[PDB]
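Only one chain is given next, in C-alpha cells, and it is the form deposited in one PDB entry.
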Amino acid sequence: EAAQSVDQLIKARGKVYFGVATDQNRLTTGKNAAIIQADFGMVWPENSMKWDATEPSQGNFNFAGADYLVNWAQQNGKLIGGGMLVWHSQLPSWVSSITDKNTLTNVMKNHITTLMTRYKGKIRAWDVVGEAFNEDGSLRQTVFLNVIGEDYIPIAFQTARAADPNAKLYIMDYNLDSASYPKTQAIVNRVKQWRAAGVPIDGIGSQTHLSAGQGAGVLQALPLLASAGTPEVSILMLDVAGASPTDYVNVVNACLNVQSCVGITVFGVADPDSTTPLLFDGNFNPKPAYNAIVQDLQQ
C-alpha cells in the first residue's frame, strides 16, 4: 500500500505530507475513507471549520463536523489542518452586518480563539486569513478590511498565535500559480512587510486551482512565493481541469524543488465530488495522474 501511497512516497522524499480535503459526508460514503487511510497523511475540513458552519449566530458555536474530523484523524494517525478562520466568503450575515471597528475586532478575535483553543495542540496548521488579495495585488475590500482596516491581518495572526502557538499560521490565496500574475508578487511583498513588522505569518498556502497546462507555471510561482521568507509554503487545494499527468507532476515537482514547501493537499478524492479534475474517478479508481505522481515520487 505504501508503495502506491502518495503520502508515504512524498515523506520518503523529505516532505511532511500529501494531504486531502474531506469531511464526515465523504468519510462515510463511497471509498473515501479507505483511500484517505491509504494514500493521504493529512486531512483538512472541506467545510466543517468555516465560519458559517462553526458560528452561524454569534457565540452559538457548532463543532459537530469539526469534532468528527479531528477524532477521525487522531484515530487514523493523520495530521490535521484547520480553517478558514477569517474569510469574506461563507461568512454569516451577522458578521457582515457589523459596522463598528471594536465590535468586529472582538468578534473576529473570539471566533479565532474559540476554534483554535478547542483543538489546541492537535492542529498542524491553520488557514488564518484567506483570499485577502484582489487580482491586481491590492487588498480585497471585505467587511474585515472596511471595518477594522488593514490592521485586521496583523490582528488575526497575532490572535491566532496566542490561541495555539503550536500551529503553523497560514495566509492563503488562489491565482498564485504564475510568477507573472500580479497577485503572486503582491502577496510576496506584503507578507515580507508584515513579517518584518513582527506578524506571525508562518506560511503561504497556494490554492492551485489549475486549468490545463498551468502546472508548468507553478514551477516558477512556488519558488517566488518561497522568496517571501515564510517558514513554510504549501499547495493547499489542488485540482486540475483535465487532470493531465503533466500538470499534476509539475505541481509535485514544484514542491519538491522548494525547500520550504512542506507538502501538497488535493481538494477532494473523486471527480463527482470536486472538469474531471481530481486524482480518482467516479468509481474511486486511481486516474493516470495519480499513477504519474506515484512514479515521479518513487526512487
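Note that residue numbering follows the sequence shown and begins at 1.
Keep in mind that the form solved in complex with a small molecule is not shown, yet the notes after this line are about it.
Among the residues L236, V269, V240, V252, the one placing a heavy atom within 4.5 Å of the small molecule in the bound PDB entry is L236.
Of the stretches 147-155, 80-88, 212-220, 94-102, only 80-88 has residues with a heavy atom within 4.5 Å of the small molecule in the bound PDB entry. Proximity of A21 to the small molecule in the bound PDB entry falls within the 4.5 Å heavy atom cutoff. Proximity of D177 to the small molecule in the bound PDB entry: non-hydrogen atoms within 4.5 Å are absent; the residue sits far from the partner.
The closest non-hydrogen atom of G41 lies beyond 4.5 Å of the small molecule in the bound PDB entry. For the chain shown alone, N32 is not a contact residue for the small molecule in the bound PDB entry, no non-hydrogen atom being within 4.5 angstroms.
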